[PDB]
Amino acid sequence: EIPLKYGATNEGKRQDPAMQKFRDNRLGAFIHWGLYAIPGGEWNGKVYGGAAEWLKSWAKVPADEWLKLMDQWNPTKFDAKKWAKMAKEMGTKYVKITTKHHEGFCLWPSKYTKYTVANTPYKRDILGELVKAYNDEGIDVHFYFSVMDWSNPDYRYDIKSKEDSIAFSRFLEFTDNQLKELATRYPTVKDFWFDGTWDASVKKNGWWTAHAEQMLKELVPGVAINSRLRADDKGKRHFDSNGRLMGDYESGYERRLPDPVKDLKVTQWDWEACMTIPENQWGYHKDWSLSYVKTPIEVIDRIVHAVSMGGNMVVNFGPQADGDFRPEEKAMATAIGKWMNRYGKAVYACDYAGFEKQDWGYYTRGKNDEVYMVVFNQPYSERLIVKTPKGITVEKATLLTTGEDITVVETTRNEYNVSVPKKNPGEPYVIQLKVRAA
């Protein structure tokens, strides 16, 4: 048992109302919007296949020159109420917003740097307007923040000297000032999601990560903080050197979700996956033909998969420079919202059901012991196998959308065949089980 000043703070899941709301939300959207939306992955006639929000790096653009993009920041089609409506229709319960990405351009009028929205033709506090607009739709708002900041010369990747070390303290101070500003200007914020905390400079200053979490929790009651912020005394990140989760929930599973058979350990803590629609574009990139683009059913599968394992899923959007959304993204949000509007009773406020995974899809459990079968792979057998845990029996099955009764047959001791519906629903669909325990 290694002793640590800056390791894990929670032991187990938070059960306060604010974390319960975080959890019960389940479905969110991510907004990556920044100066990178203007060049859209293209610099001086070259289209880069890398993530558009890292274009500064790929095209080796100097900061002075990258930040001059502020002169072009004027999203005349931007309308916060329209964004909030789109989110509401999609069925999202929260939105995570890049307040500042690695480039260091702030979407709120920070007084601690001139690289902000206030110094652009558009002038307006984009972040403030989104906060209000989402909140008026009853949508929670979470703040992405990049500690790594390519706009501030005090930033260091490592500390190799007194001069580094001095510069970096000033950088941490600046960072604290920005975070305080965010927390006080936008007091309805429910979460800070840190990024760009993997450099040796940050790993060598875990104390700062614990301080940042504490400071923010003091300023914003109930706020959630992600694991990626956090490094312990030994520089170990996400989980401390005793294997205990730091922050309030695990943030990962960006490429791959936990395996539904081998990774059941995740059910023991809150966690949240965030995904891109293309393979790896978060900011707006003009050419989506460069990588595979997920269809709505692929995305819905991922959303349900996360909830079936006690996790939230967040779907990313990279708005256009003009302040509108590209057609693929509007289509995606609409598809998802139609599906959520028929089947969201099996997503919202649901969790791990404790049933052995089957090939036809996923189980989720409702707040009142409902067990939902979410079918993504329709068996030619027309039989959906359900293997119950010891002492559990299935008393009824019902098609969620129509209420029709669905036949359940016991095949052996802890096992049933739940028939598919009389008419193929033609999309992923839900059957609700009434189950009874000894």
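C-alpha atoms forming the largest set that superposes within 1.5 Å between two forms make up the rigid core. Don't overthink the numbering: it's just position in the shown sequence, from 1.
Visitor: Fit on the core, then compare CA atoms: does 158-166 or 312-320 lie farther from this form in 8 other deposited structures of this protein?
Guide: Clearly, after the core fit, the stretch farther away in 8 other deposited structures of this protein is 158-166.
Visitor: If the other structures are each fit on the rigid core, which stretch ends up farther away in C-alpha terms in 8 other deposited structures of this protein, 251-259 or 143-151?
Guide: Clearly, after the core fit, the stretch farther away in 8 other deposited structures of this protein is 251-259.
Visitor: For the C-alpha atoms alone, is the average B factor greater in 5-13 or in 18-26, going by the entry?
Guide: The stretch with the larger average C-alpha B-factor is 5-13.
Visitor: As stated in the PDB record, which stretch has the larger average Cα B-factor, 160-168 or 322-330?
Guide: According to the entry, 160-168 carries the higher average C-alpha B-factor.
Visitor: Check the PDB entry and point out which of 305, 96, 190, 255 has the largest C-alpha temperature factor.
Guide: So the option with the highest C-alpha B-factor is 255.
Visitor: Given 121, 128, 311, 361, identify the residue with the highest C-alpha B factor in the PDB entry.
Guide: Reading the PDB entry, the winner on C-alpha B-factor is 121.
Visitor: In terms of the CA temperature factor given in the entry, to which third of its chain does residue 378 belong: lowest, middle or highest?
Guide: Bottom third by C-alpha B-factor.
Visitor: Lowest, middle or highest third of the chain for the C-alpha temperature factor of residue 113?
Guide: Tercile = middle for this residue's CA B-factor.
Visitor: Which third of the chain holds residue 142 when residues are ordered by C-alpha B factor: lowest, middle or highest?
Guide: Lowest third.
Visitor: Can you tell me whether residue 186 has a C-alpha B-factor in the lowest, middle or highest third compared with the other modelled residues of the same chain?
Guide: Lowest third - that is where residue 186 ends up once the chain's C-alpha B-factors are sorted.
Visitor: Mind checking which third residue 39 falls in for C-alpha B-factor across the chain?
Guide: For residue 39, the deposited C-alpha B-factor lands in the lowest third.
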